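K.L.:
sequence-free structure coming up:
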């Protein structure tokens, strides 16, 4: 009766003893220099739904942006704050430099009865 994610409405499996990569989504999110962090999070969030138990309707995953950027940074992405050119513009965070190697982003959520589900989403740099 476990909580679970879907990605574009496909049920994502658990990591199992036999298949420890059972929760790696069959997708790739591409990213490149100048991509807005908000746009990458939006792409992931549109695709991912969490289910707090086996029969529950899907709910939006809310991805913490600080956690997300720290995952990017640990995996060789450098991040820039693009500064506003005057007081009427807003700063935003964007991909600065990309690594050569793919990596997974980890997303977890806690459902009913403090049961946690985790999925891994592959990130593909374009150079």
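P.N.:
Sure thing, it's come through. Numbers count the residues shown, from 1 in each chain.
K.L.:
Surely residue 30 is in contact with residue 126?
P.N.:
Yes. Taking CB atoms under 8 Å as the definition, residue 30 is a contact partner of residue 126 at 5.4 Å. Where you see a C-beta, it was placed from the backbone N, CA and C, and this is true even at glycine.
K.L.:
The two: which is more packed in?
P.N.:
Neighbour tally, residue 30 and residue 126, criterion other CB atoms under 10 Å: the higher count belongs to residue 30, 14 against 10.
K.L.:
Which SSE is immediately downstream of the strand or helix carrying the more buried one?
P.N.:
Taking DSSP states H and E as the criterion, the element that holds residue 30 is strand 29-31. Reading on from strand 29-31 to the C-terminus, the next helix or strand found by DSSP H and E is helix 37-47.
K.L.:
Can you tell me which helices and strands that next one packs against?
P.N.:
Taking 3 or more CB pairs under 8 Å, 6 or more residues apart in numbering; DSSP states H and E as contact, the helices and strands that helix 37-47 lies on are strand 29-31, helix 65-74, strand 92-97.
K.L.:
how about those, which one is nearest residue 113?
P.N.:
Taking CB to CB as the criterion, helix 65-74 is the member of the helices and strands packed on helix 37-47 that comes nearest to residue 113, at 23.5 Å.
K.L.:
and the closest one, what other elements does it pack with?
P.N.:
Under the contact criterion of 3+ CB pairs under 8 Å, 6+ apart, the helices and strands touching helix 65-74 comprise helix 37-47, strand 78-82, strand 92-97, strand 103-110.
K.L.:
Swap in 10 Å and give it another go.
P.N.:
In terms of contact count using 3 or more CB pairs under 10 Å, 6 or more residues apart in numbering; DSSP states H and E, helix 65-74 is assigned the packing partners helix 37-47, strand 78-82, strand 92-97, strand 103-110, strand 116-125.
K.L.:
buried ones in the last one?
P.N.:
Read that as strand 116-125. Applying a neighbour-count criterion of 16 or more other CB atoms under 10 Å, one finds 117, 119, 120, 121, 123, 125 buried in strand 116-125.
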